[PDB]
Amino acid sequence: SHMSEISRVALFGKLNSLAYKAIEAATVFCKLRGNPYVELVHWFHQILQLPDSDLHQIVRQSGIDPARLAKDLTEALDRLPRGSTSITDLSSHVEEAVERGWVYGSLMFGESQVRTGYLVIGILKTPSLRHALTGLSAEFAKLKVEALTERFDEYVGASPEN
């Protein structure tokens, strides 16, 4: 039944419009490339294609080299398996990141929607997701979750997710 496991419609339904539209864009990109799963690297690459976001600002305020990050994400994308003839699906890590972003957004910040900065915090607080993230770029080892949780507004500045 619909009540055996948490549904994607409920889980992803907690995303704000920027994050959810970027899941959609990531799916379209993933499919064009023939990659078998929509992954964190597709989602983060699509978020960084926008004019601005929490992720842009967190990169800036954390002292990450955004050009290096862009290089690393492009290279990770180019290395994914291609020519998938299977039906595309979402990576388990993308589902898990939304759950952890909901936990921190709703409990730590008292907020009804998950913005991309809460996705970053939820990832950093989960060892398997943090390992996946740094696997995409060693730049993400520069993130400091204690700073990001205590000084969130300073890190996200004038992000449109405000």
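We number the residues from 1 along the sequence you see.
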- Note on the structure: Assert higher mean C-alpha B factor (118-126 or 133-141, deposited values) equals 133-141
- Which of the two stretches, 98-106 or 60-68, shows the higher mean Cα temperature factor in the record? 60-68
- Query: When the modelled residues of the chain are sorted by Cα temperature factor, does residue 74 land in the lowest, middle or highest third?
  - Reply: highest
- Message: Sorting by Cα B-factor within the chain, modelled residues only, which third would residue 38 end up in: lowest, middle or highest?
- Response: lowest
- Note on the structure: residue 92: C-alpha B-factor third of its chain, per the entry, is the lowest
- Among the modelled residues of its chain, does the C-alpha B-factor of residue 9 lie in the lowest, middle or highest third? lowest
- residue 15 - Cα temperature factor, lowest/middle/highest third of chain: lowest
